[PDB]
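Have a look at the structure below before the remarks.
Naming convention: chains lettered A, B, ... in sequence-line order (proteins, then strands); numbering from 1 in each chain.
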Amino acid sequence: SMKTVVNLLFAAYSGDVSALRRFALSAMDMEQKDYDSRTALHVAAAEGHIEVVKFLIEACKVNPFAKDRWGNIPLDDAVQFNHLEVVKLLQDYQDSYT
Amino acid sequence: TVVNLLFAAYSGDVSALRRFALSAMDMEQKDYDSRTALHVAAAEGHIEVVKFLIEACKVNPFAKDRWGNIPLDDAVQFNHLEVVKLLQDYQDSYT
């Protein structure tokens with residue numbers, strides 16, 4: 001259970017879009033959080049993996065307003081670490097989110 | 001095992017941590033956010049876990065996570081006073 005959440009989040013950490021796809025293609029909840037309330041989109045945005053953020057936004061359609069332990073959404077990490085291609089994507093996706 | 005460590009720290013599972021330390025796995029290994037077992041345990045305020053990590057395993061209390069934060073920083077933010085005192089005394093004596 002939590003073993004997969006970490007495989008999921010470690011796949012987002014490495015920029016492995018294919019591994020994320022295999023997780024998503026098995027009906028796994030892609031919005032699950034870890035011990036720090038961090039999601040796959042959190043780790044992707046913090047690392048600046050533009051293609052990983054794209055997949056979680058377009059293919060999985062994950063909630064971008066999920067807050068971690070410190071109350072931050074994935075956009076906050078992209079802003080703090082100067083990943084602006086991810087910032088612009090999360091900006092546009094947050095204004096249209098459902 | 002990379003986070004079975006950190007999932008045990010989050011849940012205050014001192015017994016699981018003792019089993020993992022016996023198998024000689026790295027108790028200071030970090031995750032995707034550069035978080036250690038001491039980080040998560042201090043953030044949750046689980047006192048018996050940070051006791052075991054500093055007194056038995058003697059982990060480095062100056063390890064910084066992705067946000068440059070020390071395990072004591074989370075314990076201060078979330079009002080885990082006894083954990084703050086343990087790490088503060090341990091950080092002073094760290095060789």
Side-chain angles (χ1 to χ4, degrees), chain A residues 1-16 20 31-49 52 56 66-81 83 86, chain B residues 1-14 16-21 25-80 83-84 86-88 90-91 94:
Chain A
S1 192
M2 181 76 180
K3 153 181 104 174
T4 52
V5 179
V6 177
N7 297 332
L8 167 64
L9 262 64
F10 251 114
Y13 169 72
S14 157
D16 198 323
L20 290 186
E31 289 163 290
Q32 280 176 280
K33 58 184 178 186
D34 68 354
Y35 31 81
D36 283 328
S37 290
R38 306 269 287 166
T39 63
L41 186 60
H42 276 102
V43 191
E47 289 296 319
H49 292 324
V52 169
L56 293 167
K67 292 172 169 172
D68 61 8
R69 175 193 300 276
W70 307 266
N72 291 336
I73 63 176
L75 179 54
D76 293 314
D77 275 336
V79 164
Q80 183 172 352
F81 301 115
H83 306 302
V86 181
Chain B
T1 77
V2 278
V3 289
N4 231 5
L5 181 75
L6 269 64
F7 205 25
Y10 164 87
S11 49
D13 205 331
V14 186
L17 281 198
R18 295 201 252 249
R19 262 124 45 186
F20 300 155
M25 84 165 53
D26 193 6
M27 307 297 280
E28 331 178 79
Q29 64 179 333
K30 321 184 306 308
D31 64 355
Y32 27 78
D33 287 318
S34 291
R35 303 270 287 167
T36 65
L38 186 58
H39 281 101
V40 185
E44 294 294 307
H46 298 320
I47 311 182
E48 308 301 327
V49 172
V50 317
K51 250 202 183 72
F52 168 77
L53 278 179
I54 68 186
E55 287 160 14
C57 307
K58 300 159 142 50
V59 296
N60 171 33
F62 296 111
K64 322 189 91 95
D65 47 53
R66 178 194 298 277
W67 310 265
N69 271 340
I70 264 51
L72 180 122
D73 296 319
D74 273 352
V76 172
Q77 177 169 352
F78 299 108
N79 195 33
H80 307 304
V83 182
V84 168
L86 282 182
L87 288 168
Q88 189 66 78
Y90 179 63
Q91 283 159 217
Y94 193 68

ask   = Where is the tightest heavy-atom contact between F20(B) and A8(B), given as atom of each residue plus distance?
value = CE1-CB, 4.2 Å
query = What distance do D68(A) atom CG and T39(A) atom OG1 have between them, rounded to the nearest 0.5 Å?
reply = 8.5 Å
message = Give me the atom names and distance for the closest heavy-atom approach of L5(B) to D26(B).
response = CD2-O, 3.8 Å
ring-ring contact (aromatic ring centres under 6.0 Å, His included) involving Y32(B) - partner list, sequence neighbours excluded = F10(A)
task = Please report the shortest heavy-atom distance between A42(B) and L87(B), naming the atom on each side.
result = CB-CD1, 3.9 Å
Less than 3.5 Å apart, which donor and acceptor atoms pair up between the side chains of residues 68-77 of chain B and the rest of the protein, not counting sequence neighbours?
| residue | atom | partner | partner atom | Å |
| --- | --- | --- | --- | --- |
| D73(B) | OD2 | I70(B) | N | 2.6 |
| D74(B) | OD1 | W70(A) | NE1 | 2.9 |
| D74(B) | OD2 | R35(B) | NH1 | 2.7 |
| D74(B) | OD2 | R35(B) | NH2 | 3.0 |

inquiry  = Holding to side-chain hydrogen bond (donor to acceptor under 3.5 Å, both in side chains), I want the full list of residues that pass it with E47(A), two or more places apart in sequence or in another chain.
reply    = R66(B)
task = Could you label the plane-to-plane angle of the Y94(B) and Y90(B) rings as parallel, tilted or perpendicular, counting under 30° as parallel and over 60° as perpendicular?
result = perpendicular
note = Closest heavy-atom pair, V2(B) versus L6(B), reported as atoms and distance to 0.1 Å, is O-CD1, 4.2 Å
request  = Heavy atoms only: give me the nearest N60(B)-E28(B) pair and the separation to one decimal.
outcome  = N-OE1, 3.0 Å
query = Do any N or O atoms from the side chain of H42(A) and from the backbone of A66(A) form a donor-acceptor pair under 3.5 angstrom?
reply = yes
Contacts table for residues 49-59 of chain B: side-chain donor-acceptor under 3.5 angstrom, sequence neighbours left out:
| residue | atom | partner | partner atom | Å |
| --- | --- | --- | --- | --- |
| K58(B) | NZ | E55(B) | O | 3.2 |

task = Check side chain to side chain contact (heavy atoms under 4.5 Å, CB included) between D16(A) and all other residues, then give those that pass, not counting sequence neighbours.
result = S14(A), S18(A), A19(A), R22(A)
task = Kindly compute the distance separating CD (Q32(A)) from OG (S1(A)), expressed to the nearest 0.5 Å.
result = 6.0 Å
note = d(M25(B) CE, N4(B) CG) to nearest 0.5 Å is 7.0 Å
task = State, to 0.1 Å, how close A9(B) and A37(B) come at their nearest heavy-atom pair, and which atoms those are.
result = CB-O, 3.4 Å
